[PDB]
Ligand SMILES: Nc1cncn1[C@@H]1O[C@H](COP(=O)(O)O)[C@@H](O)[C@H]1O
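Here's a solo chain for you in structure tokens, the form solved without the named molecule.
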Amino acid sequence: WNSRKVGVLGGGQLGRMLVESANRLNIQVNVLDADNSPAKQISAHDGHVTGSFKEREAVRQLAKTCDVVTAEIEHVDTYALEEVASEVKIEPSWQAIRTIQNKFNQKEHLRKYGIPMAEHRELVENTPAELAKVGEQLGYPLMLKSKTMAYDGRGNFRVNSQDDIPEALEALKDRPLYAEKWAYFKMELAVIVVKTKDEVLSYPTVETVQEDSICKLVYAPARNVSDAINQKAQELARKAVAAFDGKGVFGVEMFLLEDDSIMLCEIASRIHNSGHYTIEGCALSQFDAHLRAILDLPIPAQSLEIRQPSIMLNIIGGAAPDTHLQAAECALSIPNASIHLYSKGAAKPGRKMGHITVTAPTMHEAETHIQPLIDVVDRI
């Protein structure tokens, strides 16, 4: 069962956690990324392919040596993937990844399936006049969005008023964009879905908190949220994921609106930051679940249940190249703190350097244990 070889496009922390799981199962993983990547570092064998998963020919080498190829990002060359689909299984599917990696197309496909979402207008002209018109239809503020290559919200620009139109466009020059109606959410939610060969399952709904457009915190499960909203959100995520072909873990972002209704923010065709808490909080982490789904191995549902309330805090670079080691050093003394350093090295501000996951029998207790670290992070 475990003699197959899994190829992973990307060798960052996501790829790494993934390799932690395969290692557990003695399943070989061949990472395609820079030599030395966080993920090649815990997997000492010769099967790895050095290069970019944006580069056609490497992806080609990866493929020809693997039984299944998967990705640890949604910005991979799905055309290069399309080429080898003859040679190797690809999961999830490259069409699904293709639709998904372009934020506008993902939304329009989803619309066919009736998924609650924020209204938007594709921007064909990229002229301040075109945008003014949208503004009139959608109102301010508006969230100007890049369709592709999007992450950490570096390709998004909040347009508060007709007057920011120029800064917005200068900000997001040379890209296809769409403008989306503003989501007045009271909380951001996320659900990790496991799409298998036969079913679509999900972990419980959690609460995500981004600072500076970057994920800073996750509370699992979501604080002050009725089991119903929880289910609803889950139920929604599963349905949105089902509109895709292929297997594996999908990260689903959502918005909790003031009336407690739910809208989809965006889907990620791969294991995702919101789910790192499953390492310590559930029987099978999303990494475990991903491997299993793409190789058709059983996935008991109770294994995706949350064992104890957990709170995950990302370690993000600050200006000083050690800060991440500062957060971690502090972490060493937080009770019930589980520390994950990414072995990326020296920090660049805003880079994801590691994460700390804290558990306790109750959320309150967990919040109490981690505050001091949260504090340290804020201050420094």
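Residues carry their position along the shown sequence, with the first being 1. Only the largest set of C-alpha atoms that superpose within 1.5 Å between the two forms is called the rigid core.
The mean C-alpha temperature factor is higher for 178-186 when 98-106 and 178-186 are set side by side. The question of which stretch, 43-51 or 335-343, has the higher mean Cα B factor is settled in favour of 43-51. Looking only at 298, 92, 281, 251, the residue with the top Cα B factor in the deposited structure is 251. Which of 172, 294, 271, 214 has the largest Cα B-factor in the deposited entry comes down to 172. For residue 12, the recorded CA temperature factor ranks within the lowest third of the chain's modelled residues. Looking at the C-alpha B-factors along this chain, the one for residue 354 belongs to the middle third. Sort the modelled residues of the chain by CA B factor and residue 78 lands in the middle third. Split the chain's modelled residues into thirds by C-alpha temperature factor. Residue 38 is in the lowest one. Per the deposited record, the Cα B-factor of residue 330 falls in the middle third when ranked against the other modelled residues of its chain.
As for the form solved in complex with the named molecule, it is not shown, yet the points below apply to it.
Heavy atoms within 4.5 Å of the named molecule in the entry with it bound are found in exactly one of 217-225, 305-313, 69-77, 85-93, that being 69-77. Each of 13, 270 and 344 is positioned with at least one heavy atom within 4.5 Å of the named molecule in the entry with it bound. Contact between residue 351 and the named molecule in the entry with it bound is found at the 4.5 Å heavy atom cutoff. For the chain shown alone, residue 152 is a contact residue for the named molecule in the entry with it bound, at least one non-hydrogen atom being within 4.5 angstroms. Just one residue from the list 266, 296, 82, 152 crosses the 2 Å line for C-alpha shift between this form and the one not shown on a rigid core fit, and it is 152.
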